[PDB]
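Overview (structure and organization)
Here are the chains, one letter per residue:
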There are 2 protein chains.
Amino acid sequence: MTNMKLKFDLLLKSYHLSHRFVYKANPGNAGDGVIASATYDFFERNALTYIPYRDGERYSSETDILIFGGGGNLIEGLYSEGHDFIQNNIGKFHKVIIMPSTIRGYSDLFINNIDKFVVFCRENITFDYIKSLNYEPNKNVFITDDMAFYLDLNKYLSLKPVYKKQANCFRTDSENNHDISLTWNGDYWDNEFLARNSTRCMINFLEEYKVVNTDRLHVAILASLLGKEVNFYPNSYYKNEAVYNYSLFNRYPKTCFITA
Amino acid sequence: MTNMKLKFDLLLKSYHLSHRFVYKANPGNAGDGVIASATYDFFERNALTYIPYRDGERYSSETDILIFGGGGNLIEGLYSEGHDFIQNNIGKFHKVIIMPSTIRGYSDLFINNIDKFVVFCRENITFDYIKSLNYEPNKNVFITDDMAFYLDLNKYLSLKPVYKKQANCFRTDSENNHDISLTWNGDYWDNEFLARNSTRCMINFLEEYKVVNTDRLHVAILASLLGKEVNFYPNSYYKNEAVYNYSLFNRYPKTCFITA
């Protein structure tokens, strides 16, 4: 067990003694379903009970903590859904805990809510950014692996043998390409069964290949967990590269990052 | 057990004594994954062993039978993938068994291969069409339910409670619409784990709704198996309407077909 992982368990268990968890899964593609699956595995393994966020329900501004699911939606100039959800609901809760996330911009949101945010960063670029906004390391800003590294992998495996050479899993926007991230895409991941079975699908697909080529973070993560030979390609805002440098480098020697 | 269902079991078991099964799952959307899941359930429940079709492998023109998975791909003027697969591979096998399917046109294919085809029709329009091509009922043309009615439903259920009113699952081509059929879409369904877990996803989604509105056949079928209130809408070539009249009318009184 890594030092950041043990710290993460004890920390969330410490919050659970004091406040009850109101959990909102991050919406998005099937990669975001992998984060939710692993988050549900994390809650069950640490005996952490939660109530799912219900719009219109009244929560306690003193004893309820919003657990905002991990992901990379908080990117100014790209997505505004996660930013709008937090800003419209920050007043309802005592604290807002952002599960391990990639954050870019939205400096006004984090400076003006520093007293309510507890930010978990899944790579060094987000960690240095948040701490540069005067967040205090080990008090209201932390760094640790993306949730998907917590995936209880053995209950998702099909154990079907490898018989195909290369899988191409590239973003459809810009050969035999299978963008398996874009299968289920939306605000689905508050259903733990749908999240886990969607994650089984992605894993079932990858299990049968020896080599995986992708620019999709959680395809790369899943294939790395599977011990596959992984060729990971970059995207904008250093999103892929930063997670690779923090979590995949050296820890998974069969996964390499192709810069050019 | 329905009379057509019992006939179907004994018939395929009879073929299995004489020849070995080479199975090709129908490619397509997640509806076609439901057909494959149910076909795998059907094989396991009847102790029917098979070998998956492998392109480039040599099969016996005397003792191997191609089992072509059910579906609605054989529609002239719409799709040609299933037609090309059968025509290019019909010479390799002793017989070609078409699992319960909707067929439109391609009269040249069925007239010129009448001595090798055993056609299972999943509604009355296909059955009357094939038999009009001089196929002999109960010898080389049969009628029975779509494979999805064979789905071993209880191993797919999440048992999550109902808490949402209406689900809209309409074809994206032409409100809160979720075209869950277009999640996994391709030649995936020869993997039984991927087929079953994709089917779990669709079922997980539908379980939480009380009413389902759709023009997607296997969404309507799945929701009917779930005992939901189902509003089923038509499409072209009488594809939805014909399956409804044969399999869903009266047998599932909470599913109704909206003509206009």
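Residues numbered from 1 in each chain as written, not as in the entry; some residues may be left out. Chains lettered and ligands numbered in written order. Heavy atoms only, no water. Residues with missing side-chain atoms left out of burial classes, pairs and counts.

With respect to the overall build of chain A
The line we're drawing: The way it works is that DSSP assigns letters per residue, a run of H or I at least four long becomes a helix, a run of E at least two long becomes a strand, and they are numbered from the N terminus. To get the radius of gyration, use the C-alpha atoms; to get the globule rule, take the number of residues to the power 0.38 and multiply by 2.2 Å.
Of the regular secondary structure elements, chain A holds 8 helices and 10 strands. Whereas a compact globule of 260 residues would reach a radius of gyration of roughly 18 Å, chain A reaches 18 Å, a difference of no more than 12%. With the C-alpha coordinates aligned to their principal axes, the bounding extent of chain A is approximately 55 × 35 × 35 Å.

Notes on the interface of chain B and chain A
Quick reminder of the rule: Only heavy atoms enter the contact rule, under which two residues are in contact if any of them lie within 4.5 Å. The classification used treats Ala, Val, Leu, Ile, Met, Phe, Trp, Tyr, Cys and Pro as nonpolar, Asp, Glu, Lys and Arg as charged, and all other residues, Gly among them, as polar.
With 21 residues of chain B in contact, the opposing surface of chain A contributes 21 residues. Residue composition of the side of chain B that touches chain A, by class: 9 nonpolar, 7 polar and 5 charged.

Things to note about the environment of A:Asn177
Residues and elements named next belong to chain A. Worth spelling out the cut-off: Nitrogen and oxygen atoms within 3.5 Å of one another constitute a polar contact, given that in protein one can donate a hydrogen and the other can accept it, and given that sequence-neighbouring residues count only through two side-chain atoms.
Mapped onto the fold, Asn177 is located in the loop between β7 (164–169) and α6 (192–207). Separated by 12 residues in the primary sequence, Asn177 and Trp189 have C-alpha atoms spaced 25 Å apart. Discounting chain neighbours no more than four positions away, the residues touching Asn177 are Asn168, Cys169 and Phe170. Among the polar contacts made by the side chain of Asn177, one reaches the main-chain amide nitrogen of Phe170 at a distance of 2.7 Å.

As for the domain arrangement of chain A
Residues and elements named next belong to chain A. Quick reminder of the rule: Per the annotation, domain bounds derive from an automatic or database assignment of domains.
Annotation of chain A at the domain level lists domain 1 (3–148) and domain 2 (163–257). One C-alpha centre belongs to domain 1, the other to domain 2, and the line joining them spans 23 Å. Listed per partner, the contact involves 36 residues of domain 1 and 30 residues of domain 2. For the side of domain 1 that touches domain 2, the secondary structure elements donating two or more residues are β1 (20–24), α2 (30–45) and α5 (124–132). The leading source of residues in the side of domain 1 that touches domain 2 is α2, at 11 residues. The residue makeup of the side of domain 1 that touches domain 2, split by class, is 16 nonpolar, 10 polar and 10 charged.

Concerning the nonpolar core
Condition: Here, nonpolar core means buried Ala, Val, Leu, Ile, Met, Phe, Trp, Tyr and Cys residues that are tied together by side-chain atoms lying within 4.5 Å of each other. Buried means the residue's accessible area, taken with a 1.4 Å probe over protein chains only, is under 20% of the maximum for its type, while exposed means over 50%, and partly exposed covers the values in between.
With 118 residues, the main nonpolar core has A:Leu12 and B:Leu12 as its most contacted residues. With residues up to four places along the chain from it excluded, the contact list for A:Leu12 reads A:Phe21, A:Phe42, A:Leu48, A:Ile67, A:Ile97 and A:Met99.

Observations concerning the pairing of β1(A)
Residue and element names in this part refer to chain A. Operational definition: When DSSP finds at least two bridges between two strands, those strands are taken to pair. When the strands point away from the viewer and the connection leading from the first strand across the helix to the second strand turns clockwise, the crossover is called right-handed.
Counting buried positions over the 5 residues of β1 gives 4, a clear majority of the element. Bridging between β1 and strand β2 (residues 50–52) involves 3 bridges; their strand directions are parallel. When the sheet's bridge partners are listed, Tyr23 is paired in β2 with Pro52. In this fold, β1 hands off to α2, which returns the chain to β2; that crossover is right-handed.

Describing the relation of the copies chain B and chain A
What counts, and what does not: We line the copies up by least squares, and the atoms we fit are the C-alpha atoms.
With an RMSD of 0.0 Å, the operation that places chain B on chain A is a rotation of 180° combined with a shift of 0.0 Å along the axis. Those values place the two copies in the arrangement expected of a two-fold rotation axis. Taking C-alpha positions as reference, the residue of chain B nearest the rotation axis is B:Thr183, located at 2.2 Å. Here 100% of the contact residues of chain B are again contact residues in chain A; the copies associate through an equivalent surface.

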